[PDB]
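Taking it in order: structure first as structure tokens, then the write-up.
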Amino acid sequence: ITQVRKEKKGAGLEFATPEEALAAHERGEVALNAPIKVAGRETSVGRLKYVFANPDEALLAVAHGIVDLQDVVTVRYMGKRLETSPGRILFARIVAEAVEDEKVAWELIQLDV
Amino acid sequence: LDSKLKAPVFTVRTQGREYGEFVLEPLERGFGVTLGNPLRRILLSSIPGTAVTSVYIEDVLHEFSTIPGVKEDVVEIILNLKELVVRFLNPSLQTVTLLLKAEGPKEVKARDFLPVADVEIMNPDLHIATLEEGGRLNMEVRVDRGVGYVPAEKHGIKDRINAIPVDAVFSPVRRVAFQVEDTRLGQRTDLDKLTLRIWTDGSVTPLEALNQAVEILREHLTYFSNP
Amino acid sequence: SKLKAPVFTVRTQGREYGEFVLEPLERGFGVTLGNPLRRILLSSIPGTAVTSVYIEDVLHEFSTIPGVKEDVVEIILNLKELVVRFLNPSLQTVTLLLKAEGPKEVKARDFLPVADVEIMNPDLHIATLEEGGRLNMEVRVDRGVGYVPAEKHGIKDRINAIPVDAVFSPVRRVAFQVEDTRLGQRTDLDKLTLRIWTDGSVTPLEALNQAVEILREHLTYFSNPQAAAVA
Amino acid sequence: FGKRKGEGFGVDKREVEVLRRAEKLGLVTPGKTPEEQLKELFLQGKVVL
Amino acid sequence: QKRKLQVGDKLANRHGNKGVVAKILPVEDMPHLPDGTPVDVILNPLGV
Ligand SMILES: [Mg+2]
Ligand SMILES: [Mg+2]
Ligand SMILES: [Mg+2]
């Protein structure tokens, strides 16, 4: 659940605005998790296309088949805008609920591996 | 061979309108997950709710633009608009449009939205945006009734050219968890203990959610009646 | 934009097999409806099975009979495949009497007929009898549910009777297909098909009906909330 | 499979999802029909479960 | 005595894969093929 997808279809195409990127992905020219570049900064289609206000929403989307736990995406968690998978958010919440402390749990885990 | 046993007792633990725990024991072997899974599916997908499906902001072209005079970007505002919990007082009402106009130094909350007939805002203290000196925010939000989760590209609704479509989070139910533990009644050792855990936004209580969920299921069972 | 009651199709071959279609259904309801029914169909559907066997001059399961090829373990193994249908719902148990001698191949058809009792598999092999070989049996068949091993029920009519492992479930197999379907401008709708194989004792349709009834009744259990006081 | 195809049932939704997954794993080739891909898996001794 | 297979009994294949039966599930809990056929035994791939 904590491993993230690395996809070869987009493979570092250059884009001006995220709308163009979303369009390219829409046509099927760029994979969701492919490492592209928009506005000179390296990102992915998934991070732009799906932006979740909170974990509950992201996991709700995973439940509806919108995205997969391994898809890299944008989730807003603890006042921070995070680029990560819903699965890593899930792990974070597992540790968090298990120890009944959100802050300490957030400190203990390594989210990015 | 002979089998006769008592109907299970339904146990309820509720904290506020946000959360509840539901225990059903004893159940025959396997029935813990037989009840639990469909209910979880129904509770997440089919429970009637409200959501913000569209947003228009003055002088704003696309979603990834920014707002001069405001620190939050358009993205961050839309996120807060997803956390907005709106309750419709009347069953007839399908869709509403909520207008918000404010300026000067201010911290805009959900309460600032101009009231509409038979529309209740459950979370008025929810923070939409902060405005600076010279900061101007004029926006209209489209609120619809629906079920489950619809991404922005799927409904794709626009009242005008600059309207930004928002991922529609309809489900009043935020999370459903269930676990089956082995329990024993007398000499029957394989019996099931069903525990359900439901998180909602308060618009619909967990008990209300579960009740609506089991009703949907029963009604679907009546579909095997007349060929 | 709310979907409503779907058309319900029924396709049956004999008493053994059936297919039951429900379409259109909302997204995810193919599994939501389909799976619980399958779980109930495989487990909780009541039925009939041999619960005991007495054979003349046989003290236990570990014995052989003169003139009979099969040992008693094999005879019981064959009798465990016996499908017995009851007509009258009030009837709990039947003792099938068999009397035979060889050379012959004794089948399930050779059982002496009883009122409101139908063997759904008369060609089922029972024993192989030889010149001088003589077989006299009384086999107790009961109504029941699920899998009750000989060890648990310990059912013995007379002293030398042998308890038999009883699989009561009339349902041999259950599968369900979820196919993509549309109604009007709506897409990603579910088309649900329940495929049910039974032994003939009860038809797939009956099975589906009482399975639905069991799930319904189970849903009735949520109707009496009770406060949980941990304080 | 062919038995199923004759029995009047097409490819299942769940089978489609699993096929997407396996397609990401590089188990089946993209562009082939659901049947072709299911066969591709079956030749690897794998089946949808 | 007629001994049925039970929990804690030792099973093995000819390739050296041995294990004790830890769980016996009812048929409805078993992983199954799309045609409705349940599997008999579940072996962990971690043993390979
Ligand atoms: Mg988006
Ligand atoms: Mg840390
Ligand atoms: Mg159990």
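Naming works like this for the structure tokens: A, B, ... for the chains as they're shown, residue 1 at the start of each chain, ligands 1 onward in shown order.
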Who sits within 6 Å of residue 129 in chain C, only C-alpha atoms, same chain under 6 positions skipped, as a PyMOL selection string
chain C and resi 67-68+102-105
Closest atom pairs, residues of chain A within 7 Å of chain B, only C-alpha atoms, as a tab-separated table:
```
residue	atom	partner	partner_atom	distance
A:52	CA	B:79	CA	6.8
A:53	CA	B:79	CA	4.7
A:56	CA	B:174	CA	5.8
A:61	CA	B:149	CA	6.7
A:64	CA	B:149	CA	7.0
```
Could you please extract the residues within 10 Å of ligand 3, counting only C-alpha atoms and all ligand atoms, and hand them back as a PyMOL selection string?
(chain B and resi 27-33+180-184+189-193) or (chain E and resi 25-26+29)
Please write the residues from the selection above to a file, keeping N, CA and C atoms, as a CSV table (one decimal), in the first residue's frame.
```csv
chain,number,residue,atom,x,y,z
B,27,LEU,N,-24.2,-13.8,15.6
B,27,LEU,CA,-24.7,-14.1,14.3
B,27,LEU,C,-24.2,-15.4,13.9
B,28,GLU,N,-24.9,-16.1,13.0
B,28,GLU,CA,-24.5,-17.4,12.5
B,28,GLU,C,-23.1,-17.2,11.8
B,29,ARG,N,-22.4,-18.3,11.6
B,29,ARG,CA,-21.0,-18.3,11.0
B,29,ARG,C,-21.0,-17.6,9.7
B,30,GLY,N,-20.2,-16.6,9.5
B,30,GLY,CA,-20.0,-15.9,8.3
B,30,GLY,C,-20.8,-14.7,8.0
B,31,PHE,N,-21.9,-14.6,8.8
B,31,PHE,CA,-22.9,-13.5,8.6
B,31,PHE,C,-22.4,-12.2,9.0
B,32,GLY,N,-21.3,-12.1,9.8
B,32,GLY,CA,-20.7,-10.9,10.1
B,32,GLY,C,-20.3,-10.1,8.9
B,33,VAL,N,-19.6,-10.8,7.9
B,33,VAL,CA,-19.2,-10.1,6.7
B,33,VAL,C,-20.3,-10.1,5.6
B,180,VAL,N,-15.3,-8.2,12.1
B,180,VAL,CA,-16.0,-9.3,12.7
B,180,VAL,C,-15.1,-10.1,13.6
B,181,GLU,N,-15.6,-10.3,14.9
B,181,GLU,CA,-14.8,-11.1,15.8
B,181,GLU,C,-15.6,-12.3,16.2
B,182,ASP,N,-14.9,-13.4,16.4
B,182,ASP,CA,-15.5,-14.7,16.9
B,182,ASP,C,-16.1,-14.5,18.3
B,183,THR,N,-17.3,-15.0,18.4
B,183,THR,CA,-18.0,-14.9,19.7
B,183,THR,C,-18.7,-16.2,20.0
B,184,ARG,N,-19.0,-16.5,21.3
B,184,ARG,CA,-19.6,-17.8,21.6
B,184,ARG,C,-20.9,-17.6,22.5
B,189,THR,N,-19.3,-22.1,19.1
B,189,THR,CA,-18.1,-21.3,19.2
B,189,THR,C,-17.7,-20.6,17.9
B,190,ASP,N,-18.4,-20.8,16.8
B,190,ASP,CA,-18.1,-20.2,15.6
B,190,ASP,C,-18.9,-18.9,15.3
B,191,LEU,N,-19.7,-18.4,16.2
B,191,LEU,CA,-20.6,-17.3,16.0
B,191,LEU,C,-19.9,-16.0,15.7
B,192,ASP,N,-20.6,-15.1,15.0
B,192,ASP,CA,-20.0,-13.8,14.6
B,192,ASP,C,-20.4,-12.6,15.4
B,193,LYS,N,-19.5,-11.7,15.7
B,193,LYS,CA,-19.9,-10.4,16.3
B,193,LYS,C,-19.6,-9.3,15.4
E,25,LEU,N,-11.8,-22.8,6.6
E,25,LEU,CA,-12.9,-21.8,6.4
E,25,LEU,C,-14.1,-22.6,5.8
E,26,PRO,N,-15.3,-22.0,6.0
E,26,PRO,CA,-16.5,-22.5,5.3
E,26,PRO,C,-16.4,-22.1,3.8
E,29,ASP,N,-16.3,-18.5,2.3
E,29,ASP,CA,-15.2,-17.6,2.6
E,29,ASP,C,-14.0,-17.8,1.7
```
What residues in chain C lie within 9 Å of chain D, counting only C-alpha atoms, written as a PyMOL selection string?
chain C and resi 177-180+190
Go ahead and save the picked residues with N, CA, C and O atoms, as a short mmCIF file (atom, residue, chain, number, x, y, z; two decimals), in the first residue's frame.
```cif
data_model
loop_
_atom_site.label_atom_id
_atom_site.label_comp_id
_atom_site.auth_asym_id
_atom_site.auth_seq_id
_atom_site.Cartn_x
_atom_site.Cartn_y
_atom_site.Cartn_z
N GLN C 177 -22.43 -13.03 -12.11
CA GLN C 177 -21.80 -12.20 -13.12
C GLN C 177 -22.27 -10.76 -12.98
O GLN C 177 -23.46 -10.50 -12.79
N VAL C 178 -21.34 -9.82 -13.07
CA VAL C 178 -21.69 -8.41 -13.13
C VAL C 178 -21.24 -7.84 -14.47
O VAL C 178 -20.04 -7.73 -14.75
N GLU C 179 -22.21 -7.48 -15.30
CA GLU C 179 -21.91 -7.00 -16.64
C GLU C 179 -22.24 -5.52 -16.78
O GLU C 179 -23.11 -5.00 -16.08
N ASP C 180 -21.53 -4.84 -17.67
CA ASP C 180 -21.75 -3.41 -17.88
C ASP C 180 -23.05 -3.15 -18.63
O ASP C 180 -23.34 -3.81 -19.63
N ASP C 190 -24.89 -1.57 -13.39
CA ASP C 190 -24.63 -2.99 -13.19
C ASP C 190 -25.78 -3.88 -13.66
O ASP C 190 -26.94 -3.62 -13.37
#
```
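A straight line drawn from CA of residue 200 in chain C to CA of residue 46 in chain C is 13.0 Å long.
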Enumerate residues in contact with ligand 2: an atom-to-atom distance of at most 12 Å, counting only C-alpha atoms and all ligand atoms. Format the result as a ChimeraX atom specification.
/A:92,95,102-113
Produce a file of the selected residues containing N, CA, C and O atoms, as an mmCIF file, in the first residue's frame.
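Full text of again05.cif as output:
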```cif
data_model
loop_
_atom_site.group_PDB
_atom_site.id
_atom_site.type_symbol
_atom_site.label_atom_id
_atom_site.label_comp_id
_atom_site.auth_asym_id
_atom_site.auth_seq_id
_atom_site.Cartn_x
_atom_site.Cartn_y
_atom_site.Cartn_z
ATOM 1 N N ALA A 92 -0.257 6.503 7.403
ATOM 2 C CA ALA A 92 -0.148 7.586 8.373
ATOM 3 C C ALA A 92 -1.319 7.559 9.348
ATOM 4 O O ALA A 92 -1.134 7.708 10.559
ATOM 5 N N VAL A 95 -1.070 4.409 11.790
ATOM 6 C CA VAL A 95 -0.185 4.696 12.914
ATOM 7 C C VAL A 95 -0.852 5.682 13.874
ATOM 8 O O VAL A 95 -0.906 5.448 15.090
ATOM 9 N N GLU A 102 -2.061 12.265 16.916
ATOM 10 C CA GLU A 102 -1.824 12.614 15.513
ATOM 11 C C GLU A 102 -0.467 13.270 15.264
ATOM 12 O O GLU A 102 0.207 12.975 14.274
ATOM 13 N N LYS A 103 -0.077 14.161 16.168
ATOM 14 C CA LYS A 103 1.139 14.949 16.015
ATOM 15 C C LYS A 103 2.388 14.079 16.128
ATOM 16 O O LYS A 103 3.267 14.090 15.248
ATOM 17 N N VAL A 104 2.452 13.322 17.219
ATOM 18 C CA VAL A 104 3.570 12.427 17.468
ATOM 19 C C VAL A 104 3.675 11.400 16.352
ATOM 20 O O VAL A 104 4.759 11.153 15.832
ATOM 21 N N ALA A 105 2.540 10.816 15.977
ATOM 22 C CA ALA A 105 2.518 9.848 14.890
ATOM 23 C C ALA A 105 3.068 10.465 13.619
ATOM 24 O O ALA A 105 3.858 9.842 12.913
ATOM 25 N N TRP A 106 2.649 11.695 13.334
ATOM 26 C CA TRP A 106 3.145 12.397 12.158
ATOM 27 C C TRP A 106 4.656 12.556 12.228
ATOM 28 O O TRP A 106 5.344 12.470 11.209
ATOM 29 N N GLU A 107 5.173 12.777 13.433
ATOM 30 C CA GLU A 107 6.620 12.890 13.604
ATOM 31 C C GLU A 107 7.372 11.560 13.425
ATOM 32 O O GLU A 107 8.478 11.538 12.883
ATOM 33 N N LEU A 108 6.768 10.460 13.872
ATOM 34 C CA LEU A 108 7.425 9.147 13.891
ATOM 35 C C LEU A 108 7.658 8.538 12.504
ATOM 36 O O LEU A 108 8.745 8.050 12.205
ATOM 37 N N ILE A 109 6.626 8.556 11.667
ATOM 38 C CA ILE A 109 6.671 7.897 10.364
ATOM 39 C C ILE A 109 7.547 8.627 9.345
ATOM 40 O O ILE A 109 7.841 9.811 9.499
ATOM 41 N N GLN A 110 7.981 7.904 8.318
ATOM 42 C CA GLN A 110 8.586 8.522 7.144
ATOM 43 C C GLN A 110 7.591 8.363 6.012
ATOM 44 O O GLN A 110 7.370 7.253 5.534
ATOM 45 N N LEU A 111 6.994 9.464 5.575
ATOM 46 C CA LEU A 111 5.893 9.381 4.624
ATOM 47 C C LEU A 111 6.361 9.136 3.192
ATOM 48 O O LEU A 111 5.650 8.517 2.402
ATOM 49 N N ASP A 112 7.566 9.600 2.873
ATOM 50 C CA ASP A 112 8.015 9.681 1.481
ATOM 51 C C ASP A 112 8.724 8.436 0.947
ATOM 52 O O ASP A 112 9.243 8.439 -0.170
ATOM 53 N N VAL A 113 8.766 7.383 1.753
ATOM 54 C CA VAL A 113 9.309 6.107 1.301
ATOM 55 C C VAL A 113 8.287 4.989 1.455
ATOM 56 O O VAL A 113 7.365 5.092 2.265
#
```
May I ask you to write as a PyMOL selection string all residues lying at most 6 Å from ligand 1, with only C-alpha atoms and all ligand atoms counted?
chain A and resi 49-51
Pull out every residue of chain A that has at least one atom within 10 Å of chain D, counting only C-alpha atoms, and report them as a PDB file with N, CA and C atoms, in the first residue's frame.
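Below you can see iface_25.pdb, which holds the result:
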```pdb
ATOM      1  N   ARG A   5       3.361   4.402  -7.822  1.00  0.00           N
ATOM      2  CA  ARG A   5       3.500   4.063  -9.235  1.00  0.00           C
ATOM      3  C   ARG A   5       4.468   4.969  -9.994  1.00  0.00           C
ATOM      4  N   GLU A   7       5.340   5.618 -13.941  1.00  0.00           N
ATOM      5  CA  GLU A   7       4.827   5.300 -15.279  1.00  0.00           C
ATOM      6  C   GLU A   7       5.596   5.961 -16.425  1.00  0.00           C
ATOM      7  N   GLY A  65     -13.211   3.990  -6.893  1.00  0.00           N
ATOM      8  CA  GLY A  65     -12.432   3.573  -8.044  1.00  0.00           C
ATOM      9  C   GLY A  65     -11.845   4.717  -8.847  1.00  0.00           C
ATOM     10  N   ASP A  68      -6.268   4.883  -7.337  1.00  0.00           N
ATOM     11  CA  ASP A  68      -5.728   3.733  -6.624  1.00  0.00           C
ATOM     12  C   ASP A  68      -4.779   4.183  -5.517  1.00  0.00           C
TER      13      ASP A  68
END
```
Out of chain A, which residues get strand (DSSP E or B) from DSSP, as an MDAnalysis selection string?
chainID A and resid 14:15 35:38 41:44 51:52 73:77 80:84
If you run DSSP on this backbone, which residues of range 18-94 of chain B come out as alpha helix (DSSP H), and could you give them as a list in words?
residues 31, 32, 33, 34, 35, 36, 37, 38, 39, 40, 41, 42, 43, 44, 45, 74, 75, 76, 77, 78, 79, 80, 81 and 82 of chain B
If you keep C-alpha atoms, can you produce a file of those selected residues as an mmCIF file, in the first residue's frame?
```
data_model
loop_
_atom_site.group_PDB
_atom_site.id
_atom_site.type_symbol
_atom_site.label_atom_id
_atom_site.label_comp_id
_atom_site.auth_asym_id
_atom_site.auth_seq_id
_atom_site.Cartn_x
_atom_site.Cartn_y
_atom_site.Cartn_z
ATOM 1 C CA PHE B 31 -22.914 -13.546 8.569
ATOM 2 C CA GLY B 32 -20.703 -10.883 10.112
ATOM 3 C CA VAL B 33 -19.189 -10.136 6.714
ATOM 4 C CA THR B 34 -22.414 -11.024 4.906
ATOM 5 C CA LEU B 35 -24.152 -8.021 6.461
ATOM 6 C CA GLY B 36 -21.083 -5.817 6.864
ATOM 7 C CA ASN B 37 -19.819 -5.525 3.294
ATOM 8 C CA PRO B 38 -23.051 -4.608 1.466
ATOM 9 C CA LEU B 39 -23.875 -2.069 4.169
ATOM 10 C CA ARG B 40 -20.406 -0.555 3.815
ATOM 11 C CA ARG B 41 -20.842 -0.361 0.041
ATOM 12 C CA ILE B 42 -24.292 1.206 0.365
ATOM 13 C CA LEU B 43 -23.226 3.578 3.159
ATOM 14 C CA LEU B 44 -20.407 4.958 1.013
ATOM 15 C CA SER B 45 -22.056 5.069 -2.425
ATOM 16 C CA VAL B 74 -8.080 29.270 -6.029
ATOM 17 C CA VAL B 75 -7.131 25.645 -5.369
ATOM 18 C CA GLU B 76 -7.151 26.106 -1.590
ATOM 19 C CA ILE B 77 -10.518 27.880 -1.635
ATOM 20 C CA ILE B 78 -12.108 25.060 -3.637
ATOM 21 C CA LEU B 79 -10.753 22.601 -1.060
ATOM 22 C CA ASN B 80 -12.475 24.493 1.756
ATOM 23 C CA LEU B 81 -15.601 24.555 -0.385
ATOM 24 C CA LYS B 82 -15.485 20.753 -0.410
#
```
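Applying a distance limit of 6 Å to only C-alpha atoms, the residues of chain C near chain B read residues 8, 9, 32, 36, 153, 222, 225, 226, 227 and 228 of chain C.
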Go ahead and write the selection's residues with N, CA, C and O atoms as a CSV table (one decimal), in the first residue's frame.
```csv
chain,number,residue,atom,x,y,z
C,8,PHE,N,-36.5,-8.1,-13.8
C,8,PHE,CA,-36.0,-9.3,-13.2
C,8,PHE,C,-36.3,-10.5,-14.2
C,8,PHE,O,-37.5,-10.9,-14.3
C,9,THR,N,-35.3,-11.1,-14.7
C,9,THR,CA,-35.4,-12.2,-15.7
C,9,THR,C,-35.1,-13.5,-15.0
C,9,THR,O,-34.2,-13.6,-14.1
C,32,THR,N,-22.9,-5.8,-4.4
C,32,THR,CA,-23.6,-5.6,-3.1
C,32,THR,C,-24.8,-6.5,-3.0
C,32,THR,O,-25.0,-7.0,-1.9
C,36,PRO,N,-23.7,-11.3,-1.0
C,36,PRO,CA,-24.3,-11.8,0.2
C,36,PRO,C,-25.2,-13.0,-0.1
C,36,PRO,O,-25.3,-13.9,0.7
C,153,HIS,N,-23.7,-35.2,15.5
C,153,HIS,CA,-25.1,-35.5,15.7
C,153,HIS,C,-25.3,-36.9,16.4
C,153,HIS,O,-26.2,-37.1,17.1
C,222,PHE,N,-31.7,-5.1,12.8
C,222,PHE,CA,-31.2,-3.7,13.1
C,222,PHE,C,-32.3,-2.8,13.6
C,222,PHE,O,-32.2,-1.6,13.9
C,225,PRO,N,-32.7,-0.8,18.2
C,225,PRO,CA,-31.5,-0.2,18.8
C,225,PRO,C,-31.5,-0.3,20.3
C,225,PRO,O,-32.5,-0.3,20.9
C,226,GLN,N,-30.3,-0.5,20.9
C,226,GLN,CA,-30.1,-0.6,22.3
C,226,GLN,C,-28.9,0.3,22.7
C,226,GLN,O,-27.8,0.2,22.1
C,227,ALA,N,-29.1,1.1,23.8
C,227,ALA,CA,-28.0,1.9,24.3
C,227,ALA,C,-26.9,1.1,24.9
C,227,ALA,O,-27.2,0.2,25.7
C,228,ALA,N,-25.7,1.4,24.5
C,228,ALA,CA,-24.5,0.7,25.1
C,228,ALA,C,-23.9,1.5,26.2
C,228,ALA,O,-23.3,2.6,25.9
```
Residue 91 in chain B: which residues within 12 Å, counting only C-alpha atoms, same-chain residues fewer than 5 positions away excluded, as a PyMOL selection string?
chain B and resi 48-50+118-119+145
How would the residues just chosen look if you wrote them out with N, CA, C and O atoms as a short mmCIF file (atom, residue, chain, number, x, y, z; two decimals), in the first residue's frame?
```cif
data_model
loop_
_atom_site.label_atom_id
_atom_site.label_comp_id
_atom_site.auth_asym_id
_atom_site.auth_seq_id
_atom_site.Cartn_x
_atom_site.Cartn_y
_atom_site.Cartn_z
N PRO B 48 -27.92 9.70 0.35
CA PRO B 48 -28.24 11.04 -0.16
C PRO B 48 -27.57 12.16 0.63
O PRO B 48 -27.59 12.15 1.86
N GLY B 49 -27.01 13.13 -0.08
CA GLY B 49 -26.29 14.23 0.54
C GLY B 49 -26.19 15.44 -0.37
O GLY B 49 -26.85 15.50 -1.41
N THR B 50 -25.39 16.42 0.04
CA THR B 50 -25.19 17.63 -0.75
C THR B 50 -23.71 17.90 -1.00
O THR B 50 -22.86 17.44 -0.24
N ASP B 118 -34.75 27.43 3.31
CA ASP B 118 -34.62 25.98 3.49
C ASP B 118 -33.22 25.45 3.16
O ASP B 118 -33.07 24.34 2.65
N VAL B 119 -32.20 26.25 3.45
CA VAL B 119 -30.81 25.81 3.32
C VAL B 119 -30.03 26.10 4.60
O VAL B 119 -29.84 27.26 4.97
N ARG B 145 -27.78 18.26 -4.78
CA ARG B 145 -28.02 17.04 -4.04
C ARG B 145 -27.71 15.83 -4.92
O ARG B 145 -28.11 15.78 -6.08
#
```
Counting only C-alpha atoms, chain E residues within 10 Å of chain C, as a ChimeraX atom specification:
/E:1-2,4,26-29,32-38
Residue list for chain D near chain E as JSON, numbers by chain, 8 Å, only C-alpha atoms:
{"D": [47, 48, 49]}
Write the residues you've just listed into a file as a CSV table (one decimal), in the first residue's frame, and include N, CA, C and O atoms for each of them.
```csv
chain,number,residue,atom,x,y,z
D,47,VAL,N,-5.2,-16.7,-12.8
D,47,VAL,CA,-6.6,-16.4,-13.2
D,47,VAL,C,-7.2,-15.4,-12.2
D,47,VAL,O,-6.6,-15.1,-11.2
D,48,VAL,N,-8.2,-14.7,-12.7
D,48,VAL,CA,-8.9,-13.8,-11.8
D,48,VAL,C,-9.6,-14.6,-10.7
D,48,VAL,O,-10.1,-15.6,-10.9
D,49,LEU,N,-9.5,-14.0,-9.5
D,49,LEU,CA,-10.0,-14.7,-8.3
D,49,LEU,C,-10.9,-13.8,-7.5
D,49,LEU,O,-10.6,-12.6,-7.3
```
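Across the model, the gap from CA of residue 113 in chain C to CA of residue 198 in chain C is 23.0 Å.
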Range 34-40 of chain D environment, 8 Å, only C-alpha atoms, sequence neighbours closer than 4 positions dropped, as a tab-separated table (two decimals) with N, CA, C and O atoms, in the first residue's frame:
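To be explicit, this is the file written out as around-v8.tsv:
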```
chain	number	residue	atom	x	y	z
D	11	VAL	N	-17.51	-10.53	-20.55
D	11	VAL	CA	-16.49	-10.28	-19.53
D	11	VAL	C	-17.05	-9.46	-18.37
D	11	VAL	O	-17.81	-8.51	-18.57
D	16	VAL	N	-12.53	-6.82	-15.67
D	16	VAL	CA	-11.99	-5.65	-16.35
D	16	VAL	C	-11.01	-4.92	-15.44
D	16	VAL	O	-9.90	-4.58	-15.86
D	19	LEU	N	-7.91	-6.81	-15.07
D	19	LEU	CA	-7.16	-6.70	-16.32
D	19	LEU	C	-6.40	-5.38	-16.42
D	19	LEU	O	-5.28	-5.35	-16.94
D	27	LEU	N	1.70	-7.64	-17.20
D	27	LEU	CA	1.36	-9.05	-17.36
D	27	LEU	C	0.68	-9.32	-18.69
D	27	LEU	O	0.91	-10.37	-19.30
D	28	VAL	N	-0.15	-8.39	-19.14
D	28	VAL	CA	-0.83	-8.52	-20.43
D	28	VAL	C	-0.51	-7.33	-21.33
D	28	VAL	O	-0.14	-6.26	-20.85
D	29	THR	N	-0.66	-7.53	-22.64
D	29	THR	CA	-0.36	-6.47	-23.59
D	29	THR	C	-1.55	-5.54	-23.78
D	29	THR	O	-2.69	-6.00	-23.90
D	44	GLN	N	0.12	-17.88	-18.09
D	44	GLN	CA	1.09	-17.68	-17.02
D	44	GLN	C	0.64	-18.43	-15.77
D	44	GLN	O	1.25	-18.33	-14.71
D	47	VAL	N	-5.18	-16.66	-12.85
D	47	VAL	CA	-6.59	-16.43	-13.15
D	47	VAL	C	-7.16	-15.35	-12.24
D	47	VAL	O	-6.62	-15.09	-11.17
```
In Å, rounded to a single decimal, give me how far CA of residue 86 in chain B is from CA of residue 203 in chain B.
7.2 Å
